[PDB]
2 protein chains.
Amino acid sequence: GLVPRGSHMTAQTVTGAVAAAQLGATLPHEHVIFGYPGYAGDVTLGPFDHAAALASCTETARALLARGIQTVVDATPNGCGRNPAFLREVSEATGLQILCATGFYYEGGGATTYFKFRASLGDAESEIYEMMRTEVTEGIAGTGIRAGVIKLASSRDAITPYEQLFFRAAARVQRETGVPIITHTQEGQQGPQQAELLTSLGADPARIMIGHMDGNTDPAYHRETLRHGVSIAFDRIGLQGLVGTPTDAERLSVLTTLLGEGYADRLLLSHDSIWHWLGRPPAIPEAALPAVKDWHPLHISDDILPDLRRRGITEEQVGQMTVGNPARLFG
Amino acid sequence: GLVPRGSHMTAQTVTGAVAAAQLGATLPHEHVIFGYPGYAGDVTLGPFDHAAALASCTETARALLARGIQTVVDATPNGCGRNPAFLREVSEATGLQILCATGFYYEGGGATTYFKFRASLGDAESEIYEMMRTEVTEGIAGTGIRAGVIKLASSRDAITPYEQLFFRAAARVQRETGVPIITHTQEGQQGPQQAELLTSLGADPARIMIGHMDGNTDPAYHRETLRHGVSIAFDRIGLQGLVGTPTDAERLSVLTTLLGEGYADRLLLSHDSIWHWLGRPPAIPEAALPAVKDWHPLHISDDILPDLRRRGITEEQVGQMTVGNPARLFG
Ligand SMILES: [Co+2]
Ligand SMILES: [Co+2]
Ligand SMILES: [Co+2]
Ligand SMILES: [Co+2]
Ligand code: NA
Ligand code: NA
Ligand code: NA
Ligand code: NA
Ligand code: NA
Ligand code: NA
């Protein structure tokens with residue numbers, strides 16, 4: 001198959017390097033804690049309850065370990081609450097391995113004023129490249145905790161000039177270190193584009209995972225993204241009917257077709273779940289209850305995998321998506 | 001003249017209440033420390049140097065006190081680096097009185113994802129009202145440090161539906177507590193609108209200061225804002241040629257005309273200066289040097305006031321803008 005080619009480090013979780021073989025079954029895109037940019041501005045009424053958060057998260061972590069999931073990739077952008085030290089707390093308490101990211105969110109949902117501004121004053125791309133490179137080879141906020149992946153995100157209608165500063169910095173870093181890249185696609189679009197862009201910028205397709213691909217239901221769109229030899233991820237499984245987002249029945253339709261055409265080695269599955277919100281706890285409006293009912297990290301282990309298997313998917317296919325793939329991609 | 005009418009507390013600086021008579025000459029809109037939303041995401045390479053920052057800021061503070069300026073209103077939005085405890089450090093070290101704000105920035109330069117999101121899920125206006133009310137009557141992040149003013153900001157083309165959530169919350173709070181409101185106008189527009197809106201929402205025009213009014217050079221625009229009986233502020237004096245922003249020569253042209261028509265009691269003067277940047281220190285491109293040369297907090301005391309006086313402005317007019325007005329408005 002296609003093996004990563006070029007410089008390579010070692011999967012750097014928030015508690016240290018780990019050999020690819022030790023990653024085990026993995027959820028490639030989740031969020032232990034998250035907060036939309038501005039949550040910090042609601043600190044007075046939406047303060048972080050460390051004790052409550054640490055207890056809640058370790059609880060969830062132990063439930064994953066109970067299901068054989070040994071590793072989780074936390075994809076929280078630098079502006080969206082990323083807290084390595086805490087993540088490390090959760091990891092050290094449970095034994096769950098967690099990698100964290102480096103990067104900012106798409107123009108519309110990230111804390112974009114800062115670099116959008118620096119961009120007008122100078123070489124922001126280079127500045128972003130330096131931050132990424134440092135966070136992936138030395139550590140974050142000087143804690144010694146390195147990022148295990150670079151997270152990129154784009155908007156619906158295009159990968160904006162601001163978002164591209166980040167794709168270029170990432171490519172530089174991916175080329176230089178071999179670190180993996182996971183991405184966020186907005187409302188099921190730009191998947192092929194990020195693939196064309198990253199590969200054209202020289203980033204290794206074998207270390208690239210185009211995210212939120214379940215956000216699109218036309219399998220032609222997936223087949224086109226996969227042409228670039230990158231991995232794609234149905235990573236919001238469980239979130240049904242919010243922000244474009246299709247139903248799982250729909251996601252599984254596509255998946256069984258792609259699996260049916262031999263794409264097992266390029267497909268990963270996650271929830272993009274949030275275990276503990278930062279800011280004021282979200283007020284889930286009555287009509288939205290069903291949309292998020294299966295939007296938790298135990299959904300794939302308990303509902304999805306059994307559903308694929310009983311449909312014809314093999315134990316080997318499930319094993320390739322949940323263990324094989326994360327192994328080669330982050331390992 | 002027009003005196004504040006309705007409930008009223010006491011000017012709440014970051015070190016306690018202070019009688020209006022004790023405010024002295026004041027700079028109604030400055031920023032001891034600031035950071036565009038996202039600066040926190042650049043923590044690894046743009047970390048906060050407390051010692052260096054505390055030394056730099058107290059230095060600046062002492063320079064203001066040396067010029068008779070006894071009070072500064074820090075207008076930093078909740079997402080833009082607001083740090084009451086630190087502000088209090090600077091105040092306690094020098095004796096400079098500082099009030100801090102409560103509020104978020106305009107849709108385009110603030111950390112707007114959070115509430116723009118909560119807005120779609122529920123009654124964000126009410127949530128924002130609660131935060132504001134608490135921060136102005138009880139304190140911020142539970143530190144006991146209360147906000148002395150509510151800061152509102154709008155965009156260039158309109159006061160957006162998101163920005164209006166904030167104008168409505170503020171109005172509620174202004175009506176209920178009597179706390180002052182200072183605002184940010186984008187690229188010299190919406191001044192009359194914020195005035196129409198706030199007053200129509202029942203906020204006291206005698207506790208309202210429409211900001212960044214020097215951003216517009218047509219005095220017809222000022223005269224129309226002033227019709228609502230609110231105060232207007234040429235509060236970016238010193239920033240010349242960046243983000244619309246006119247030249248001081250131009251700002252003074254308008255000012256001497258407004259002063260010439262008897263508007264002394266409704267005009268305030270500030271710099272919207274930043275004493276210490278949060279994040280990676282800003283890279284000032286060669287061509288921009290002149291634009292920010294006079295963009296520091298000693299500019300009005302040393303250059304502006306002497307310029308007005310030598311033009312015909314009286315010691316009493318200068319005294320009304322720099323001492324009288326802040327006294328009634330924040331006192
Ligand atoms: Co995403
Ligand atoms: Co996510
Ligand atoms: Co402003
Ligand atoms: Co300002
Ligand atoms: Na558990
Ligand atoms: Na971000
Ligand atoms: Na793969
Ligand atoms: Na000094
Ligand atoms: Na803000
Ligand atoms: Na006034």
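Each ligand, and each atom within it, is numbered from 1 in the order the structure gives. Note on naming: letters A, B, ... go to the chains in the order of the sequence lines (proteins, then strands), and numbering restarts at 1 for each one. The figures here come from the full heavy-atom set of this structure, side chains too, leaving out hydrogens, waters and symmetry mates.
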* To do: Check the angle between the aromatic planes of B:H222 and B:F234 and answer parallel, tilted or perpendicular using the 30° and 60° thresholds.
  =>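 Rings of B:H222 and B:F234: parallel, under 30°.
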* Asked: Looking just at side-chain N and O atoms, do B:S155 and B:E163 make a donor-acceptor pair shorter than 3.5 Å?
  ->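 Present: a donor and an acceptor within the cut-off.
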* To do: May I ask you to check whether B:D235 and B:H212 show a side-chain donor-acceptor distance below 3.5 Å?
  =>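 There is such a pair between these side chains.
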* **Metal proximity, B:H212 vs the Co ion (ligand 4), N/O/S cut-off 2.8 Å** =>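 Given the 2.8 Å cut-off, B:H212 does not count as a ligand of the Co ion (ligand 4).
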* To do: Would you check if the Co ion (ligand 4) lies under 2.8 Å from any N, O or S atom of B:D235?
  =>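 For B:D235, the answer is no, given that no N, O or S atom comes within less than 2.8 Å of the Co ion (ligand 4).
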* Flag if over 12 foreign heavy atoms under 6.0 Å of CZ, B:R62 ->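 Yes, enclosed.
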* Asked: How is the N/O/S atom of B:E59 that comes nearest to the Na ion (ligand 8) named?
  ->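 This residue's closest N, O or S atom turns out to be O.
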* Asked: Under 3.5 Å, side chain of B:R82 to main-chain N/O of B:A101, donor-acceptor pair present?
  ->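 Here the side-chain-to-backbone pair exists.
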* Asked: Do the side chain of A:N325 and the main chain of A:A264 share a donor and acceptor less than 3.5 angstrom apart?
  ->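 Looks like yes, one N/O pair under 3.5 Å.
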* Write the atom name of the N, O or S atom in B:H31 that is nearest the Co ion (ligand 4). =>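 Among the N, O or S atoms of B:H31, the one closest to the Co ion (ligand 4) is NE2.
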* State, to the nearest 10 degrees, the angle whose vertex is the Co ion (ligand 4) and whose arms point to NE2 of B:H29 and OD1 of B:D272. =>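 Roughly 80°, rounded to 10°.
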* Do any of the N, O or S atoms of A:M209 sit under 3.0 Å from the Na ion (ligand 7)? ->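 Given the 3.0 Å cut-off, A:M209 does not count as a ligand of the Na ion (ligand 7).
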* **N/O/S atom name from A:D265 that is nearest to the position of the Na ion (ligand 7)** =>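 The closest N, O or S atom of A:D265 to the Na ion (ligand 7) is O.
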